[PDB]
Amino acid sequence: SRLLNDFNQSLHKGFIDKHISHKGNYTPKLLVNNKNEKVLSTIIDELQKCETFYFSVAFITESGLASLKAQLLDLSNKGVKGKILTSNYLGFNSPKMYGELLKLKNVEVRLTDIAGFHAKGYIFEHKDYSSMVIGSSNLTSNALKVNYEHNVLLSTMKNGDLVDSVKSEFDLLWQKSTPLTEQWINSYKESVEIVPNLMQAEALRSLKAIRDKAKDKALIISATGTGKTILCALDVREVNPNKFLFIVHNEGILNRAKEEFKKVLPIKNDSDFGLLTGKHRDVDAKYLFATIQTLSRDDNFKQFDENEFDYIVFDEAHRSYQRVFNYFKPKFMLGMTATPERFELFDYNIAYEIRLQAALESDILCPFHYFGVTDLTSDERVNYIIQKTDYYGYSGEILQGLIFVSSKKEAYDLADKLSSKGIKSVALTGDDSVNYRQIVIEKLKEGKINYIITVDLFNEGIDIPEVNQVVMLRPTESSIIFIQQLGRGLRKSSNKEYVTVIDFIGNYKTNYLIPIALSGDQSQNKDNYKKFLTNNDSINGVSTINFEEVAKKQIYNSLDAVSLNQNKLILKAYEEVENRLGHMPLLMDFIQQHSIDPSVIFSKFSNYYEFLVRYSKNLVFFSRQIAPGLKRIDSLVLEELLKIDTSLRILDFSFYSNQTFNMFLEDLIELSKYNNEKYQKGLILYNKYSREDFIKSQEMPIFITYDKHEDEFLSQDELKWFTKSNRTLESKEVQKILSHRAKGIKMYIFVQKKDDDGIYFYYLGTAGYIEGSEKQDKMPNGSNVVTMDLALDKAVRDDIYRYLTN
């Protein structure tokens, strides 16, 4: 039985001999640690491919159950049921948490009362074998994603002594635990200096450069629209101005920004911090915080001495509000805005750009759990939406959410429809008055209503920190749009630990765009976005991105049937980049401003110039030759030429208007060097190379396009290798190969996925041969092929393995 032969090998690698290259995914007995192979990754996998599961976890947090929440639903639609066992030891679990458990209709939950229940055991029963994860990780996003937790993944066959001891232990306290219902829930409810981090200090240095270069009008854009006020205060603290004025368009944000400034700064509360709202006129204060409405009305700005504040901060929705109130002549003018769909006002100087991915690493954003779901007709949609929003739930104690719809007629209708049977449901639109917008905003903030429904008022407006839930009921028009509406929920608040965004996916042509926004991947490779899309969650902090199975296919279909090289998309990207700088930009400005990777420009046009021409050989070669770095032998030696074998190889490769041309060479070579460092440092593992970028003398390069549905992986250490058809199984075709992997030459294995293209071939490392009975022949019909099982020297990573093996 191969099942036993596979287990023996794997059991032999995990406990006896690590150098032996096994042929079994069962029980290599791996140690799960949160070092870019997060504990959440393998527990999702074991959940996906299991018939049943029973957990014996002592501590469940709601944010952690959210990470498993979409995987358990897809399991319920598959017919997979499970059990969970917990306790009320130390009063740690909350009723709201216990309520989310009851929503798992396919998960059976009982509550034990053994003293000091601290067990943390997850057990997955497969069809043939079983897997157990035992260790220190609770069911909480800290233990699951970001922590230093020790657990061990043990796979095993159904007759193991360890399994029996565990199952018989579970069934013991399961037989004497009490089940979970709402009736049980009712009984339970009755009974210092802030220092800049990596992103800010990086942002701070850019502002300093603008200051130290003698200018006075800068700008800061935040895609989400958040994370700015604290950045400003850090920057104000360095300059230490005599007087400082902080302009804002929204009054609620104003006071919050003031309190936020107080934290960064040690000065007296009364002396320096003054509000200048409708009801406050602290004009004598050293740090003044004012709405434009009050500064503009009745020339209130006129009573202030011009150029008396050394530092000003507007947020650039307040321009052209009061255009006339730009008259101050301060030492430094700084504006901050949510990124523009379309600054000219601030003399084309961008201090720093806040991107979603960067801000998540910096822990300046509220964590979020994105959830993509299936299926503007009110009746059917409303009831489906209610039951889907109910399942995934909200992060706080009460529901405070903004719903984004496709059109205004839908927004108002949906609100009244939702209003039936308890949903609060009030709609705002571009049509509605300022007073009405403010009133209903206060209503949501005051928890008077749960849902505010809009379509357009997401830009520098309705910025509310308290929102638990962001619902998307519209085709994602743009990445920027998609982010800004995510950004509406990303402000940290007391009521919410995280923010759940529930994204309904329908037959929209633009679903490729929604995985595009979530990653900072301007380079349009459909493989990069499919790889990030599927089980590549080891990058984030505590936030998770989950897709239901059917929704995942919907995005896949949309990304496949849509061209990303469209001439309309590249034209719009050029115009965006032009606005960023007010110039005809070089390819750099597509990088520094994160718009379009120049490798995407070349896929449609052989030159940037030719694209300019719609609205040669030197350009196409010089980019292509240098656009990737490739060890920098060319980068440094051709730099010397501009003004040991690998060196030689670089010379042979280069051999084998005009002033405008020199300038244009500069952008391409500069991109070359930047591209080099960011992607190739100074032959890098788990990277992508193309045959050109790469059996010879001391070279045996294998390039596979994995198509198992043929070469197939047997474990993380072995795969089956086919030669060409009609290969001799003897003499030159095989005896050269059977010698190479045996002795002398080393193999270089490259694996593509069948959807991918030429410039993209993963590199997995080196290999050899099993040397034992890796012989074969062909089918009766065809031309003699040879199959051999090779032994990888470096085992393949989890996330790489899971994406290649579907």
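The numbering used is simple: start at 1 and walk along the sequence shown.
Counting the unmodelled positions of the deposited sequence between residue 320 and residue 321 gives a gap of 4 to 9 residues.
Missing coordinates between residue 213 and residue 214 amount to none of the deposited residues, so the segment is unbroken.
Stretch comparison (593-601 versus 351-359) by mean CA B-factor in the PDB entry places 593-601 on top. Look at the mean CA B-factor for 88-96 and for 606-614 in the entry; the higher one is 606-614. Ranking 775, 29, 49, 753 by Cα temperature factor from the entry places 775 first. The residue among 459, 137, 494, 250 whose C-alpha carries the highest B-factor in the deposited model is 459. Among the modelled residues of its chain, residue 436 has a C-alpha B-factor that falls in the middle third according to the deposited record.
Residue 740: CA B factor in the highest third of modelled residues in this chain (values from the PDB entry). Ranked within its chain, residue 237 lands in the lowest third, by CA B factor from the PDB record.
Remark: residue 311 belongs to the middle third of its chain, ranked by C-alpha B-factor as recorded.
Residue 795 sits in the lowest third of its chain by CA B factor, as recorded in the PDB entry.
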